[PDB]
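Labels for the chains are A, B and C, by order of writing; each one numbers its residues from 1.
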Amino acid sequence: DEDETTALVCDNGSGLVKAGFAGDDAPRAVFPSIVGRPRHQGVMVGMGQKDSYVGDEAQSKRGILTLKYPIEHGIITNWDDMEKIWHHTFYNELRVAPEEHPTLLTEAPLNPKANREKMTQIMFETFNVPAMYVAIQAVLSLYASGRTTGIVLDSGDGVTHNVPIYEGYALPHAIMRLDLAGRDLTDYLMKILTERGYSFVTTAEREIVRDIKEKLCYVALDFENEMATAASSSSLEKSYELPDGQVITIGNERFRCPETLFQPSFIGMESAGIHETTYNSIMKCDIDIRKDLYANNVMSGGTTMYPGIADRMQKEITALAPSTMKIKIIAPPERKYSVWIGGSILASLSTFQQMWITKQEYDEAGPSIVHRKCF
Amino acid sequence: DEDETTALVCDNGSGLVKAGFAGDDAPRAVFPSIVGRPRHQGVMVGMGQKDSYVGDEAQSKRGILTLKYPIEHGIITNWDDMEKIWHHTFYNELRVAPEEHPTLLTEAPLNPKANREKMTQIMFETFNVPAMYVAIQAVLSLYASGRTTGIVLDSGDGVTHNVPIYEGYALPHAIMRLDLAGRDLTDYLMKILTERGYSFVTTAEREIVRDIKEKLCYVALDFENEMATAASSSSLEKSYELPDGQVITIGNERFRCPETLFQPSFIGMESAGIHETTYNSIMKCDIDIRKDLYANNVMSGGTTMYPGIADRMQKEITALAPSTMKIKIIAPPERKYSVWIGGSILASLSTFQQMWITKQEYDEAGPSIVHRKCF
Amino acid sequence: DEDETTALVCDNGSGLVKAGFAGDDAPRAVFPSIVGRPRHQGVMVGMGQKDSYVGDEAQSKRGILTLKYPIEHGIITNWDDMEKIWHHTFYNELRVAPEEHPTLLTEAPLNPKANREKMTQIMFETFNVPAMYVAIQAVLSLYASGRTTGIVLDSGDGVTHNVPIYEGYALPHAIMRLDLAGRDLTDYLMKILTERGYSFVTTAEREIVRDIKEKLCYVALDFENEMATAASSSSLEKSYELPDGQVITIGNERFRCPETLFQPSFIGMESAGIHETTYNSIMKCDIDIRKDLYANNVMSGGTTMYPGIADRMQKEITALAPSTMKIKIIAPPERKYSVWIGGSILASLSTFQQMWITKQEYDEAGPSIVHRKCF
């Protein structure tokens, strides 16, 4: 752009599309990745602007809408709403043409084989797009922290991934992938809320469950001890008067939903927490590579934001690991935009030009350019 | 007697007071759950009978009273109502004391936690009943249908709940509690009858709504087919009469009220159907578990008592039935009384007694011991 | 038993306990060597029979169960479920008392020093058992095929062992032992399945991965050539509609998991296939002993069952071996019960009574009887 080549850097996901230009710090154009349709039909003369209320416009005027949620855990329910989702990004906020610039996205790691080629086709075959890459989340983060080796657990909304990384990259014997992440701890709140009285069952009230959660829940440090502390009215109970009008006293539900990360006994599955799936990934490596993965455990995404979390793992993760060390969680101050900032560097560094899919390469290769260049 | 002490059995959520002994066949009190409170008073030299009335005189001598639903969405509204009813119906209608004979109550499946406690309080603290169970409705219909494996969809007037029992019970992921039942059809009927003739507002016509709801309304053959036929008011429309002097013809809105159980299309807000909640129970179980669940779909409760249901669950559940196993319903003939028959059977057993709550499994133990005998 | 002494013969393993009496052809009492516990909790009144659902009863009613898997690669995860495993075998199927007869197991070769004693103690110190041996797998097979010399590669479920045998027995310089066997092929399938979409992550679905795999996967004859043949829909793709409901089109995964035996590039190790570890064992011998090992390569276990396998090695194993010969794989028609049939002969031949551990010999020697008689 202007004197230089430049580009756009993007982290999508299940929850938030976070768009920017390139060489930026952190995001500029950010919206939730959903389309919303009029559910509350009667008729119209005056109408609240839209056909498809999108992202930001959508999450704002919730109460006419069935929010059609797309990328639930990396898998998109049906693709059709997505092309409208990205029709926001470029031309509405950024005012660029995707037909001009390079586009960095993220691989939401272990998104299926065909979704690589389906996404590149939206861009190269439908919307032109001059070059693109889609960078595999958790490892970007590492470098922006100033780490080489470590075990990175990176989870925003959709999927939970423990990634052992070193001076060289990881491979699909060791690394793991669970459902039970940041949006599951959003949705999981309502399965519990029943025992006080409330279930925000339906679609606008669903988005309120996300919203209530993120602002004032916390993680239990040791749940079992804090369960008697549920008799202490002051630490727990606090008043969410909904600005529409209903008071959710979120009491125990504040930490009982966040515990589910470490405790899957609660939902009903044999997953161990992210503490134990961290051992699971670190053990199935070579024998020598380990020492330094223990020296720095990188913790990132919209999952690792909640109050009381790094501390937790600093107890937990000693119990059934190797013993001989300085074990140390490295969560950055803002640790959620891990993906984004680590990607920003790659998009700015003109040394990245060894790697990416350029316009013509797609037509030369066919749709299986993406697994001709990458994997 | 024999195995048990011999309790009273009461299914009495939002809809009807069904009460009798353990050992009785069909229940002996059978009238609505309605709490009568006099509004049309004026002055009196002598007034007709009670303070709080139950469905005895409140269905007979309607329009002087307010005909209050004591329970809405499975949850008990206030403590004039059921506090009186669960001594009254045993004292007056049956003629034994609950101080003498123990009490089996219905739990409208998954009320709040302290409602287990408070329904126990009515027995233990208020009257001093020597033992009781506030028991989860679908579990009664289950053992009336005699088995281990069954996906039990029990729809009362109060709530609907989908319980997948296998060769072992449901873990806390598999189940579904559903805010769509016969009470929603009560509020729905007074909503819809407007466009045909009859706008309904108060508690008096809320009883007349029940009267139309349970016998002239039904679920259609298919919605689309009976709707396409619905220019034919001669074929479709027939009268109920308000038993007093007012003719009520309904025909299209025969089905377009309980058809809400299959399609949420009618409502306003998206309370999901018996169809979707069958899937959200059957699918949310283990991966090797559905074969004999699909072969044993138990359809029960007050609100499933129609035609358009055992037949239609053989039809519509085929949409997400994969190529191997097929749908096979278990609908009892009287499936409103399957709850009651199951209660009579269960309250005749020592296994159910030891599972329930004794009067001194409370004071000394700590009252949420109720919520820790059952759930 | 009856007129004679007789005994029970018994291959165990990682996957299947295969029990019989003695002088039998092949097995009688056969079950998978696992204990299952109720993971799907809820409550009970009706219950699906068991505390510990075991082996056969376990693998049948999967969906309530956490299957607690014991002997993963010869090493048992914790022993406690094992004594219930063998409390099937004798009394439940066979009817016999282990307190009466001789017992012939297998050494799962290179099962650790103490596991020899620990196993004999379960039987001699806990369960009496009048005589026992535990025969070292791969060499039993040889004789039942009517071979003396050959290189035997036996692997069933747990471990992979290349065993050079001659007119006299092998020793621990030459013989080798890998992990990467029949059950690792089983489990490996899910760490690939992700590309298409599926990952049967959890415990009942884990057992389904074993089950799917064995019935319709195949081995690639030369994988690299067959990778273009992945475009041919008919040879590959085939419909596993799960009898619970979910279609696994196992396409490429059919052969890409079986290739891992020859190709460890695909998990992520250095291990050359069982082709090359065959050279590895055959080279580190004396100089003369070789000629005849090449004349008959014996190939056995639950590993060597899969369609296209002996043929494979008949290409492969010429490339980096000695050149001057009639090289020849001898896989028997049924080649999996190698261990069992070769053991059956030894149990029947009363000339075996120069070798075993008899009841009293244990108490005379202490727990180290097993290394006082054997190794």
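Going forward, contacts are C-beta pairs under 8 Å (C-beta built on N, C-alpha and C of every residue); 3 or more make two chains touch, one makes a residue touch a chain.
If you want to know which protein each chain is, UniProt gives these names: A, B, C = Actin, alpha skeletal muscle.
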Same or different: do the copies subunit A (Actin, alpha skeletal muscle) and subunit B (Actin, alpha skeletal muscle) touch each other through matching residue numbers, with over half of them shared?
different
Matching A-C on over half of contact pairs, by residue number: which of A-B or B-C?
A-B
Report the chain closest to the protein's overall CA mean, measuring from each chain's own CA mean.
A
Would you mind reporting the rotation angle for the C-alpha fit of subunit B (Actin, alpha skeletal muscle) onto subunit C (Actin, alpha skeletal muscle), rounded to the nearest 5 degrees?
25
Between subunit A (Actin, alpha skeletal muscle) and subunit B (Actin, alpha skeletal muscle), the Cα-mean centres are separated in Å by 42
Let me have the rounded angstrom distance from the C-alpha centre of subunit B (Actin, alpha skeletal muscle) over to the C-alpha centre of subunit C (Actin, alpha skeletal muscle), please.
55
Multi-chain contacts in subunit C (Actin, alpha skeletal muscle), i.e. residues touching at least two other chains, fall at 39-41, 202
Which stretch or stretches of subunit A (Actin, alpha skeletal muscle) touch subunit C (Actin, alpha skeletal muscle) in the complex?
75, 110, 112-113, 171-174, 177-178, 268-271
Per the touch rule, the subunit C (Actin, alpha skeletal muscle) residues reaching subunit B (Actin, alpha skeletal muscle) in their complex are 38-49, 61-64, 200, 202, 204-205, 207-208, 241-247
Which subunit A (Actin, alpha skeletal muscle) residues qualify as touching subunit B (Actin, alpha skeletal muscle) in the complex?
39-40, 66, 191, 194-197, 199, 201-203, 266-269
Interfacial residue positions of subunit B (Actin, alpha skeletal muscle) with respect to subunit C (Actin, alpha skeletal muscle) in the complex:
139, 143, 147-148, 165-172, 174, 285-291, 294, 321-325, 346, 351-352, 355, 374-375
